[PDB]
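Asker: Below you'll find entry_38.txt; it's compact mmCIF, C-alpha atoms.
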# COMPACT_ATOMS: atom_id res chain seq x y z
CA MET A 1 41.97 -23.22 7.02
CA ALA A 2 43.32 -21.71 10.24
CA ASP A 3 39.90 -21.94 11.88
CA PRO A 4 39.11 -25.60 12.80
CA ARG A 5 35.50 -25.14 11.63
CA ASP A 6 34.72 -23.28 14.87
CA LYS A 7 34.28 -19.60 13.95
CA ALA A 8 32.71 -20.65 10.65
CA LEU A 9 30.44 -23.02 12.57
CA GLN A 10 29.43 -20.17 14.90
CA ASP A 11 28.67 -17.91 11.93
CA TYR A 12 26.58 -20.65 10.32
CA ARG A 13 24.78 -21.09 13.64
CA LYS A 14 24.01 -17.36 13.70
CA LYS A 15 22.70 -17.56 10.13
CA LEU A 16 20.53 -20.53 11.12
CA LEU A 17 19.32 -18.56 14.15
CA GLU A 18 18.26 -15.70 11.88
CA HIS A 19 16.52 -18.24 9.63
CA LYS A 20 14.76 -19.73 12.67
CA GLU A 21 13.67 -16.25 13.76
CA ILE A 22 12.22 -15.70 10.29
CA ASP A 23 10.43 -19.06 10.49
CA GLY A 24 9.03 -18.18 13.91
CA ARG A 25 7.86 -14.82 12.59
CA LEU A 26 6.10 -16.64 9.76
CA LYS A 27 4.46 -19.10 12.14
CA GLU A 28 3.31 -16.36 14.52
CA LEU A 29 1.97 -13.99 11.86
CA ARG A 30 0.25 -16.67 9.75
CA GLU A 31 -1.93 -17.25 12.82
CA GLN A 32 -2.12 -13.68 14.17
CA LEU A 33 -3.48 -12.21 10.94
CA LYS A 34 -5.68 -15.31 10.65
CA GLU A 35 -7.17 -14.47 14.05
CA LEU A 36 -7.59 -10.79 13.16
CA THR A 37 -9.33 -11.73 9.91
CA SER B 57 8.95 -8.86 2.08
CA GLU B 58 6.92 -11.14 4.34
CA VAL B 59 6.76 -8.48 7.05
CA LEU B 60 5.94 -5.52 4.79
CA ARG B 61 2.92 -7.52 3.65
CA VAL B 62 2.09 -7.85 7.35
CA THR B 63 3.55 -4.84 9.19
CA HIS B 64 0.94 -2.41 7.86
CA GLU B 65 -0.13 -4.28 4.76
CA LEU B 66 -2.55 -6.75 6.27
CA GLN B 67 -2.88 -6.36 10.03
CA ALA B 68 -5.32 -3.60 9.05
CA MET B 69 -7.84 -5.25 11.38
CA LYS B 70 -6.10 -3.24 14.10
CA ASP B 71 -7.71 -0.22 12.40
CA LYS B 72 -10.82 -1.60 10.69
CA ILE B 73 -11.79 -3.97 13.51
CA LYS B 74 -11.11 -1.13 15.93
CA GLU B 75 -13.46 1.15 14.01
CA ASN B 76 -16.05 -1.59 13.49
CA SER B 77 -16.18 -2.35 17.21
CA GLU B 78 -16.57 1.40 17.69
CA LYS B 79 -19.90 1.43 15.86
CA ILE B 80 -21.19 -1.77 17.43
CA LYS B 81 -20.33 -0.23 20.80
CA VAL B 82 -21.82 3.16 19.97
CA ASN B 83 -25.09 1.44 19.07
CA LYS B 84 -25.21 -0.15 22.53
CA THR B 85 -27.95 2.23 23.58
CA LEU B 86 -28.59 2.59 27.30
CA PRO B 87 -32.13 1.11 27.48
CA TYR B 88 -32.79 -2.62 27.37
CA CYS C 98 -41.40 5.54 39.95
CA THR C 99 -39.62 2.21 39.72
CA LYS C 100 -37.74 -0.29 41.87
CA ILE C 101 -34.27 -1.77 41.42
CA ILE C 102 -33.82 -5.54 41.40
CA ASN C 103 -30.04 -5.44 40.91
CA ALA C 104 -27.10 -3.04 40.75
CA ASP C 105 -24.19 -4.58 38.86
CA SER C 106 -21.17 -3.97 41.08
CA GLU C 107 -18.30 -2.16 39.33
CA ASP C 108 -20.57 -2.05 36.26
CA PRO C 109 -22.66 1.14 36.10
CA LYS C 110 -25.58 -0.75 34.56
CA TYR C 111 -28.67 -1.23 36.71
CA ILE C 112 -31.80 -3.34 36.21
CA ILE C 113 -35.18 -1.95 37.25
CA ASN C 114 -38.80 -3.10 37.28
CA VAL C 115 -40.99 -0.03 36.88
CA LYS C 116 -44.28 -1.44 38.18
CA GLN C 117 -46.72 -2.73 35.57
CA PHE C 118 -45.09 -1.74 32.27
CA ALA C 119 -41.98 -3.91 31.95
CA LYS C 120 -38.39 -4.34 33.09
CA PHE C 121 -35.38 -2.56 31.66
CA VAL C 122 -31.66 -1.85 31.97
CA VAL C 123 -30.88 1.70 33.05
CA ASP C 124 -27.90 4.03 33.36
CA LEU C 125 -27.38 6.18 36.43
CA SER C 126 -27.58 9.91 35.79
CA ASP C 127 -24.47 11.91 36.56
CA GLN C 128 -26.33 14.08 39.07
CA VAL C 129 -26.70 11.14 41.49
CA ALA C 130 -23.74 9.32 42.97
CA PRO C 131 -23.94 5.52 42.74
CA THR C 132 -23.47 5.17 46.49
CA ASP C 133 -26.65 7.14 47.12
CA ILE C 134 -28.52 4.53 45.04
CA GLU C 135 -28.83 0.99 46.39
CA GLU C 136 -30.63 -2.27 45.73
CA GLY C 137 -34.34 -2.20 46.49
CA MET C 138 -34.74 1.55 46.85
CA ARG C 139 -37.19 3.48 44.67
CA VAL C 140 -35.57 5.43 41.83
CA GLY C 141 -36.95 8.37 39.87
CA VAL C 142 -36.52 7.06 36.33
CA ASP C 143 -37.29 9.61 33.63
CA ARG C 144 -39.26 9.24 30.41
CA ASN C 145 -37.73 9.11 26.95
CA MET D 1 7.07 21.08 -1.53
CA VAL D 2 6.25 18.38 -4.08
CA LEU D 3 4.53 19.83 -7.14
CA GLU D 4 3.78 16.41 -8.54
CA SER D 5 1.80 13.20 -8.19
CA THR D 6 3.06 9.73 -9.01
CA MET D 7 1.89 6.89 -11.21
CA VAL D 8 4.02 3.85 -12.05
CA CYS D 9 3.82 1.34 -14.89
CA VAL D 10 5.04 -1.85 -13.23
CA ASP D 11 5.76 -4.37 -15.96
CA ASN D 12 4.02 -7.72 -15.95
CA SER D 13 5.16 -9.30 -19.22
CA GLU D 14 5.67 -13.01 -19.80
CA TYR D 15 9.36 -12.31 -20.34
CA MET D 16 9.57 -10.70 -16.90
CA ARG D 17 10.66 -14.03 -15.40
CA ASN D 18 14.41 -13.85 -15.96
CA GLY D 19 17.72 -13.61 -14.07
CA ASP D 20 19.22 -10.38 -15.47
CA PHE D 21 19.45 -8.04 -12.49
CA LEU D 22 18.66 -10.35 -9.55
CA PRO D 23 16.58 -13.48 -8.47
CA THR D 24 13.83 -13.45 -11.17
CA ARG D 25 13.94 -9.88 -12.61
CA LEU D 26 10.56 -8.44 -11.59
CA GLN D 27 11.69 -9.42 -8.10
CA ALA D 28 13.64 -6.18 -8.64
CA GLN D 29 10.83 -4.08 -10.08
CA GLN D 30 9.53 -4.78 -6.61
CA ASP D 31 12.99 -3.92 -5.43
CA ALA D 32 12.87 -0.11 -5.85
CA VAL D 33 9.39 -0.11 -4.42
CA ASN D 34 10.19 0.44 -0.72
CA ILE D 35 12.03 3.35 -2.41
CA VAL D 36 10.62 3.25 -6.00
CA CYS D 37 8.55 6.02 -4.33
CA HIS D 38 9.47 5.44 -0.69
CA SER D 39 11.90 8.19 -1.72
CA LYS D 40 9.11 10.17 -3.33
CA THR D 41 7.28 10.43 0.04
CA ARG D 42 10.68 10.70 1.65
CA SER D 43 9.38 14.13 0.55
CA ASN D 44 6.73 16.29 2.20
CA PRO D 45 4.00 13.94 3.48
CA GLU D 46 1.59 15.11 0.80
CA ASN D 47 2.94 13.26 -2.24
CA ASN D 48 0.72 10.95 -4.27
CA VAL D 49 1.54 7.54 -5.71
CA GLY D 50 0.03 5.10 -8.17
CA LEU D 51 0.43 1.75 -9.91
CA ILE D 52 -0.35 0.44 -13.39
CA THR D 53 0.46 -2.91 -14.97
CA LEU D 54 1.32 -3.33 -18.64
CA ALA D 55 0.54 -6.93 -19.61
CA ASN D 56 -2.63 -8.16 -21.34
CA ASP D 57 -3.59 -4.59 -22.28
CA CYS D 58 -2.81 -3.65 -18.67
CA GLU D 59 -5.14 -2.97 -15.75
CA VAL D 60 -4.80 -0.47 -12.93
CA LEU D 61 -3.91 -1.70 -9.46
CA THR D 62 -3.77 1.57 -7.52
CA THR D 63 -5.60 4.90 -7.63
CA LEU D 64 -3.57 7.97 -6.75
CA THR D 65 -3.05 7.87 -3.01
CA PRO D 66 -0.69 9.28 -0.37
CA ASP D 67 -0.49 5.69 0.87
CA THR D 68 1.95 2.89 0.11
CA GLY D 69 0.65 -0.21 1.88
CA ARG D 70 -1.84 -0.82 -0.91
CA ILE D 71 0.76 -0.44 -3.64
CA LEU D 72 3.10 -2.86 -1.90
CA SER D 73 0.28 -5.35 -1.32
CA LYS D 74 -0.72 -5.31 -4.97
CA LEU D 75 2.94 -5.56 -5.96
CA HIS D 76 3.16 -8.81 -4.02
CA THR D 77 0.82 -10.33 -6.62
CA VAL D 78 1.92 -9.13 -10.05
CA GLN D 79 2.52 -12.54 -11.61
CA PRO D 80 4.17 -12.01 -15.01
CA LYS D 81 2.29 -13.72 -17.84
CA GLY D 82 1.66 -11.95 -21.12
CA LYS D 83 2.91 -9.66 -23.85
CA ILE D 84 3.79 -6.12 -22.85
CA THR D 85 1.55 -3.28 -23.95
CA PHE D 86 2.40 0.38 -24.33
CA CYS D 87 0.97 3.53 -25.85
CA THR D 88 -2.38 2.37 -24.53
CA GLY D 89 -0.62 1.65 -21.27
CA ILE D 90 0.70 5.19 -21.16
CA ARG D 91 -2.64 6.74 -22.09
CA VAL D 92 -4.38 4.90 -19.26
CA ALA D 93 -1.89 6.44 -16.85
CA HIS D 94 -2.39 9.84 -18.47
CA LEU D 95 -6.14 9.74 -17.91
CA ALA D 96 -5.68 8.51 -14.35
CA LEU D 97 -3.37 11.45 -13.72
CA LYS D 98 -5.92 13.86 -15.16
CA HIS D 99 -8.32 12.57 -12.52
CA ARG D 100 -5.82 13.72 -9.88
CA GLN D 101 -6.87 15.96 -7.02
CA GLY D 102 -4.93 18.92 -5.74
CA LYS D 103 -4.42 20.43 -9.18
CA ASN D 104 -1.17 21.89 -7.84
CA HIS D 105 0.39 18.45 -8.25
CA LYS D 106 2.26 17.98 -11.51
CA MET D 107 2.26 14.67 -13.40
CA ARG D 108 4.93 11.98 -13.62
CA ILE D 109 4.99 8.54 -15.26
CA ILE D 110 7.95 6.27 -14.53
CA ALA D 111 8.01 3.68 -17.32
CA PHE D 112 9.72 0.42 -16.37
CA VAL D 113 10.11 -0.67 -19.97
CA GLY D 114 11.46 -4.18 -19.54
CA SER D 115 10.56 -6.84 -22.10
CA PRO D 116 10.56 -5.62 -25.72
CA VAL D 117 7.69 -3.56 -27.05
CA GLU D 118 5.84 -3.78 -30.37
CA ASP D 119 5.43 -0.02 -30.89
CA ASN D 120 5.75 1.21 -34.46
CA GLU D 121 8.03 3.99 -35.70
CA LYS D 122 6.09 7.25 -35.39
CA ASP D 123 4.38 6.50 -32.11
CA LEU D 124 5.55 9.93 -30.97
CA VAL D 125 2.40 11.56 -32.36
CA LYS D 126 0.46 10.09 -29.44
CA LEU D 127 3.27 9.17 -27.05
CA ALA D 128 4.72 12.65 -26.56
CA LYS D 129 3.06 15.18 -28.87
CA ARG D 130 0.57 15.66 -26.04
CA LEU D 131 2.64 15.93 -22.86
CA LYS D 132 3.73 19.45 -23.80
CA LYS D 133 0.25 20.96 -24.08
CA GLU D 134 -0.65 18.70 -21.15
CA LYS D 135 2.59 19.63 -19.34
CA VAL D 136 3.12 15.99 -18.39
CA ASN D 137 6.33 14.28 -17.29
CA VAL D 138 7.31 10.72 -18.18
CA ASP D 139 10.31 8.72 -16.96
CA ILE D 140 11.63 5.59 -18.66
CA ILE D 141 13.40 2.68 -16.97
CA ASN D 142 14.80 -0.02 -19.26
CA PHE D 143 14.83 -3.36 -17.44
CA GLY D 144 17.50 -4.67 -19.73
CA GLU D 145 16.31 -6.11 -23.02
CA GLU D 146 17.95 -3.05 -24.55
CA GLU D 147 17.65 -4.35 -28.09
CA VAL D 148 19.98 -2.30 -30.30
CA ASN D 149 19.94 0.37 -27.58
CA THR D 150 16.15 0.56 -28.06
CA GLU D 151 16.37 3.80 -29.98
CA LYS D 152 12.63 3.33 -30.44
CA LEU D 153 12.10 3.94 -26.73
CA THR D 154 14.82 6.58 -26.52
CA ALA D 155 12.88 8.51 -29.15
CA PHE D 156 10.15 9.07 -26.56
CA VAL D 157 12.34 11.32 -24.47
CA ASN D 158 13.79 12.60 -27.74
CA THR D 159 10.31 13.87 -28.56
CA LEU D 160 10.34 15.13 -24.99
CA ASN D 161 12.39 18.23 -24.27
CA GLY D 162 12.55 20.10 -27.56
CA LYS D 163 14.35 22.75 -25.47
CA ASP D 164 13.87 21.44 -21.94
CA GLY D 165 12.28 18.28 -20.57
CA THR D 166 13.26 14.61 -20.34
CA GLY D 167 12.10 14.67 -16.76
CA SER D 168 14.97 13.32 -14.71
CA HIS D 169 16.29 11.15 -17.53
CA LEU D 170 15.69 7.99 -19.54
CA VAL D 171 18.24 6.02 -17.52
CA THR D 172 18.98 2.54 -18.89
CA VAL D 173 20.85 0.89 -16.03
CA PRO D 174 23.40 -1.55 -17.48
CA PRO D 175 22.36 -5.21 -17.75
CA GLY D 176 24.83 -5.81 -14.95
CA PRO D 177 22.80 -7.23 -12.06
CA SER D 178 24.30 -4.73 -9.66
CA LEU D 179 21.06 -3.60 -7.94
CA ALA D 180 18.59 -0.75 -7.48
CA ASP D 181 21.17 1.64 -6.07
CA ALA D 182 21.11 2.43 -9.82
CA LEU D 183 17.44 3.20 -9.32
CA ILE D 184 18.15 4.59 -5.79
CA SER D 185 21.24 6.83 -6.17
CA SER D 186 21.10 7.45 -9.96
CA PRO D 187 17.64 9.14 -9.56
CA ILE D 188 18.58 12.50 -8.02
CA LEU D 189 14.79 12.94 -7.66
Kindly return the structure encoded in the file as structure tokens.
Answerer:
Amino acid sequence: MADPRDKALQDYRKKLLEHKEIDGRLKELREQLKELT
Amino acid sequence: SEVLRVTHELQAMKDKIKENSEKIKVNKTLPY
Amino acid sequence: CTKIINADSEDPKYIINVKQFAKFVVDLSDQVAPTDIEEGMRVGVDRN
Amino acid sequence: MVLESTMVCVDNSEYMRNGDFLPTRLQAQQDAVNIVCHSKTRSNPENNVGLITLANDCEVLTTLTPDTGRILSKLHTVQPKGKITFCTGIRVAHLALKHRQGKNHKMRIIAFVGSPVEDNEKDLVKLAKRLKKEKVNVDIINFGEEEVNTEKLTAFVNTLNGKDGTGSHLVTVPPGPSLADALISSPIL
């Protein structure tokens, strides 16, 4: 309760950034292995 | 997970396609 | 004997017209430097 | 260094879809893998690995190989649908092991007995009575479903030993969905 949803918001943003990195990896590889195949 | 199926699982074209191009190249005999 | 109708620059491949037989694409033997061989000169292509 | 090959009986039963150790159970059979043998080659780079399913009379998805990409790739598609099979499942692995190269390698079967089996009482006659003369090793992993302690399955190692054997052990990790550290640390192997 001490944090005014600022540090928690930053941590959630970092988690979303990791999720976005995973999504970008998926998007890149789904086409890279497609091209290799 | 997703990557392990792609890091070396799949992505094998970097080895098979490499080899396959090797034989197509090797058969590029000098005369034409 | 055979003439050379082109010498692909930066690409060791050459194109020659022997005389009456046919044309071909030839590689330059190691014994002869590419500079010594030009366009239009007569080359000593070997059999086989 | 390693006087052994490796074949695994990765369960595929219809019951395998369950939350008992993690996400959907099998999601954990896959879990050790990346260590289910990743540790085994964490040994001299001459170990051998395998894979065998156990549903619908069971097929074979990997032939003994000092490679892991194939085993992981097949593991990705192990959809659970069907009644578990045994005895026959173990004999298929036994034959496959016999067809192993580098005779110096000893045998090892890690049995991920998950869903319940239908084996009768005196299955020992074929389950274990051979491994001695065949000098085989079998390991049992009980993916929960430990019905009345599954003394039926425990009797397999019981038939093992007779003086010395059991392989590592017939470890039945508790139904507590802790993790695979129980299949990572517990296995001194």
Asker: Just the residues within 12 Å of residue D:164, please, counting only C-alpha atoms, with nothing from its chain fewer than 5 positions along; format it as a list in words.
Answerer: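 My reading of the contact set: residues 132, 135, 137, 157, 158, 159 and 169 of chain D.
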Asker: Please, which residues of chain C lie no more than 10 Å from chain B when the count uses all atoms listed in the file, and can they be set out as a PDB file with C-alpha atoms, in the frame of the given file?
Answerer:
ATOM      1  CA  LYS C 110     -25.580  -0.750  34.560  1.00  0.00           C
ATOM      2  CA  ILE C 112     -31.800  -3.340  36.210  1.00  0.00           C
ATOM      3  CA  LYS C 120     -38.390  -4.340  33.090  1.00  0.00           C
ATOM      4  CA  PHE C 121     -35.380  -2.560  31.660  1.00  0.00           C
ATOM      5  CA  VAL C 122     -31.660  -1.850  31.970  1.00  0.00           C
ATOM      6  CA  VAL C 123     -30.880   1.700  33.050  1.00  0.00           C
ATOM      7  CA  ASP C 124     -27.900   4.030  33.360  1.00  0.00           C
ATOM      8  CA  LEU C 125     -27.380   6.180  36.430  1.00  0.00           C
ATOM      9  CA  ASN C 145     -37.730   9.110  26.950  1.00  0.00           C
TER      10      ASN C 145
END
Asker: Between D:99, D:163, D:91, D:40, which has the minimum distance to residue D:63 (counting all atoms listed in the file)?
Answerer: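 Closest to residue D:63, using all atoms listed in the file: D:99.
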Asker: Mind pulling up the distance from atom CA of residue D:129 to atom CA of residue D:165?
Answerer: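 Atom CA of residue D:129 lies 12.8 Å from atom CA of residue D:165.
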Asker: For stretch 11-27 of chain A, list every protein, DNA or RNA residue within 12 Å, evaluated using only C-alpha atoms, and leave out those in the same chain fewer than 5 positions away; present the list as a short mmCIF file (atom, residue, chain, number, x, y, z; two decimals) with C-alpha atoms, keeping the file's coordinate frame.
Answerer:
data_model
loop_
_atom_site.label_atom_id
_atom_site.label_comp_id
_atom_site.auth_asym_id
_atom_site.auth_seq_id
_atom_site.Cartn_x
_atom_site.Cartn_y
_atom_site.Cartn_z
CA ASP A 3 39.90 -21.94 11.88
CA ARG A 5 35.50 -25.14 11.63
CA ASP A 6 34.72 -23.28 14.87
CA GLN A 32 -2.12 -13.68 14.17
CA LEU A 33 -3.48 -12.21 10.94
CA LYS A 34 -5.68 -15.31 10.65
CA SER B 57 8.95 -8.86 2.08
CA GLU B 58 6.92 -11.14 4.34
CA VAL B 59 6.76 -8.48 7.05
CA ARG B 61 2.92 -7.52 3.65
CA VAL B 62 2.09 -7.85 7.35
CA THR B 63 3.55 -4.84 9.19
#
Asker: Tell me, in Å to one decimal, how far atom CA of residue D:61 is from atom CA of residue D:83.
Answerer: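 Distance reported for this atom pair: 17.8 Å.
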Asker: Suppose you want the space between atom CA of residue D:154 and atom CA of residue D:10; what is it in Å?
Answerer: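 Computing the Euclidean distance for atom CA of residue D:154 and atom CA of residue D:10 yields 18.5 Å.
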Asker: What's around residue D:102 at 12 Å? Count only C-alpha atoms, leave out sequence neighbours fewer than 4 positions away in its own chain, and write the answer as an MDAnalysis selection string.
Answerer: chainID D and resid 2:5 46:48 64:66 97:98 106:107
Asker: Mind checking which residues fall within 12 Å of residue C:126, counting all atoms listed in the file, ignoring those fewer than 4 positions away in the same chain, and posting them as a PDB file with C-alpha atoms, in the frame of the given file?
Answerer:
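File produced: around_14.pdb:
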ATOM      1  CA  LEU B  86     -28.590   2.590  27.300  1.00  0.00           C
TER       2      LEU B  86
ATOM      3  CA  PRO C 109     -22.660   1.140  36.100  1.00  0.00           C
ATOM      4  CA  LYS C 110     -25.580  -0.750  34.560  1.00  0.00           C
ATOM      5  CA  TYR C 111     -28.670  -1.230  36.710  1.00  0.00           C
ATOM      6  CA  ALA C 130     -23.740   9.320  42.970  1.00  0.00           C
ATOM      7  CA  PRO C 131     -23.940   5.520  42.740  1.00  0.00           C
ATOM      8  CA  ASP C 133     -26.650   7.140  47.120  1.00  0.00           C
ATOM      9  CA  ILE C 134     -28.520   4.530  45.040  1.00  0.00           C
ATOM     10  CA  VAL C 140     -35.570   5.430  41.830  1.00  0.00           C
ATOM     11  CA  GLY C 141     -36.950   8.370  39.870  1.00  0.00           C
ATOM     12  CA  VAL C 142     -36.520   7.060  36.330  1.00  0.00           C
ATOM     13  CA  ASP C 143     -37.290   9.610  33.630  1.00  0.00           C
TER      14      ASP C 143
END
Asker: Give me, as a PyMOL selection string, the residues of chain D touching chain B, with the criterion being at most 7 Å (counting all atoms listed in the file).
Answerer: chain D and resi 69-70+73
Asker: Quick one: residues within 12 Å of stretch 177-182 of chain D, all atoms listed in the file counted, chain neighbours fewer than 4 positions away excluded, as a list in words?
Answerer: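 My reading of the contact set: residues 18, 19, 20, 21, 22, 23, 24, 25, 26, 27, 28, 29, 30, 31, 32, 33, 34, 35, 36, 141, 142, 143, 144, 171, 172, 173, 186, 187 and 188 of chain D.
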Asker: Keeping C-alpha atoms for every residue in the selection just given, could you write it to a file as an mmCIF file, keeping the file's coordinate frame?
Answerer:
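Okay, selection.cif is ready:
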data_model
loop_
_atom_site.group_PDB
_atom_site.id
_atom_site.type_symbol
_atom_site.label_atom_id
_atom_site.label_comp_id
_atom_site.auth_asym_id
_atom_site.auth_seq_id
_atom_site.Cartn_x
_atom_site.Cartn_y
_atom_site.Cartn_z
ATOM 1 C CA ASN D 18 14.410 -13.850 -15.960
ATOM 2 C CA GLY D 19 17.720 -13.610 -14.070
ATOM 3 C CA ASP D 20 19.220 -10.380 -15.470
ATOM 4 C CA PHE D 21 19.450 -8.040 -12.490
ATOM 5 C CA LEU D 22 18.660 -10.350 -9.550
ATOM 6 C CA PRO D 23 16.580 -13.480 -8.470
ATOM 7 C CA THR D 24 13.830 -13.450 -11.170
ATOM 8 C CA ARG D 25 13.940 -9.880 -12.610
ATOM 9 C CA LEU D 26 10.560 -8.440 -11.590
ATOM 10 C CA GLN D 27 11.690 -9.420 -8.100
ATOM 11 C CA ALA D 28 13.640 -6.180 -8.640
ATOM 12 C CA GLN D 29 10.830 -4.080 -10.080
ATOM 13 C CA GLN D 30 9.530 -4.780 -6.610
ATOM 14 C CA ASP D 31 12.990 -3.920 -5.430
ATOM 15 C CA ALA D 32 12.870 -0.110 -5.850
ATOM 16 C CA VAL D 33 9.390 -0.110 -4.420
ATOM 17 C CA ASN D 34 10.190 0.440 -0.720
ATOM 18 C CA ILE D 35 12.030 3.350 -2.410
ATOM 19 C CA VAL D 36 10.620 3.250 -6.000
ATOM 20 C CA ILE D 141 13.400 2.680 -16.970
ATOM 21 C CA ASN D 142 14.800 -0.020 -19.260
ATOM 22 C CA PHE D 143 14.830 -3.360 -17.440
ATOM 23 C CA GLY D 144 17.500 -4.670 -19.730
ATOM 24 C CA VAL D 171 18.240 6.020 -17.520
ATOM 25 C CA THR D 172 18.980 2.540 -18.890
ATOM 26 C CA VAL D 173 20.850 0.890 -16.030
ATOM 27 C CA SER D 186 21.100 7.450 -9.960
ATOM 28 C CA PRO D 187 17.640 9.140 -9.560
ATOM 29 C CA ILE D 188 18.580 12.500 -8.020
#
Asker: Taking all listed atoms of stretch 26-31 of chain A, build the axis-aligned box, pad each of the six sides by 6 Å, then write its centre and edge lengths in Å to one decimal as lines of an AutoDock Vina configuration file.
Answerer:
center_x = 2.1
center_y = -16.5
center_z = 12.1
size_x = 20.0
size_y = 17.1
size_z = 16.8
Asker: Return stretch 7-19 of chain D, completed with N, CA, C and O atoms, as an mmCIF file, in the frame of the given file.
Answerer:
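As a result, part_31.cif now contains:
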data_model
loop_
_atom_site.group_PDB
_atom_site.id
_atom_site.type_symbol
_atom_site.label_atom_id
_atom_site.label_comp_id
_atom_site.auth_asym_id
_atom_site.auth_seq_id
_atom_site.Cartn_x
_atom_site.Cartn_y
_atom_site.Cartn_z
ATOM 1 N N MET D 7 2.443 8.122 -10.694
ATOM 2 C CA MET D 7 1.890 6.890 -11.210
ATOM 3 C C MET D 7 3.023 6.066 -11.792
ATOM 4 O O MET D 7 3.944 6.618 -12.396
ATOM 5 N N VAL D 8 2.958 4.752 -11.611
ATOM 6 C CA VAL D 8 4.020 3.850 -12.050
ATOM 7 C C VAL D 8 3.426 2.791 -12.963
ATOM 8 O O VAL D 8 2.299 2.327 -12.765
ATOM 9 N N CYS D 9 4.200 2.399 -13.964
ATOM 10 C CA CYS D 9 3.820 1.340 -14.890
ATOM 11 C C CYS D 9 4.700 0.137 -14.591
ATOM 12 O O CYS D 9 5.744 -0.058 -15.212
ATOM 13 N N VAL D 10 4.268 -0.680 -13.640
ATOM 14 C CA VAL D 10 5.040 -1.850 -13.230
ATOM 15 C C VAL D 10 4.816 -2.960 -14.237
ATOM 16 O O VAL D 10 3.689 -3.432 -14.422
ATOM 17 N N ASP D 11 5.890 -3.387 -14.891
ATOM 18 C CA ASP D 11 5.760 -4.370 -15.960
ATOM 19 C C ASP D 11 5.206 -5.678 -15.421
ATOM 20 O O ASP D 11 5.324 -5.996 -14.236
ATOM 21 N N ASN D 12 4.583 -6.436 -16.317
ATOM 22 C CA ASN D 12 4.020 -7.720 -15.950
ATOM 23 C C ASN D 12 4.236 -8.764 -17.042
ATOM 24 O O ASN D 12 3.596 -9.822 -17.006
ATOM 25 N N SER D 13 5.127 -8.511 -17.996
ATOM 26 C CA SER D 13 5.160 -9.300 -19.220
ATOM 27 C C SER D 13 5.561 -10.747 -18.939
ATOM 28 O O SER D 13 6.115 -11.083 -17.889
ATOM 29 N N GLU D 14 5.268 -11.614 -19.913
ATOM 30 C CA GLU D 14 5.670 -13.010 -19.800
ATOM 31 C C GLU D 14 7.180 -13.148 -19.719
ATOM 32 O O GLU D 14 7.695 -14.029 -19.023
ATOM 33 N N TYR D 15 7.910 -12.286 -20.421
ATOM 34 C CA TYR D 15 9.360 -12.310 -20.340
ATOM 35 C C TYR D 15 9.893 -11.855 -18.994
ATOM 36 O O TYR D 15 11.094 -12.009 -18.746
ATOM 37 N N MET D 16 9.054 -11.298 -18.123
ATOM 38 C CA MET D 16 9.570 -10.700 -16.900
ATOM 39 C C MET D 16 10.214 -11.713 -15.977
ATOM 40 O O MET D 16 10.895 -11.311 -15.029
ATOM 41 N N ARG D 17 10.022 -13.003 -16.217
ATOM 42 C CA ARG D 17 10.660 -14.030 -15.400
ATOM 43 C C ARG D 17 12.031 -14.317 -15.995
ATOM 44 O O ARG D 17 12.160 -15.076 -16.958
ATOM 45 N N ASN D 18 13.064 -13.708 -15.419
ATOM 46 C CA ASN D 18 14.410 -13.850 -15.960
ATOM 47 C C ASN D 18 15.424 -13.429 -14.914
ATOM 48 O O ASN D 18 15.184 -12.501 -14.139
ATOM 49 N N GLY D 19 16.613 -14.051 -14.945
ATOM 50 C CA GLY D 19 17.720 -13.610 -14.070
ATOM 51 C C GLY D 19 18.590 -12.683 -14.881
ATOM 52 O O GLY D 19 19.297 -13.191 -15.769
#
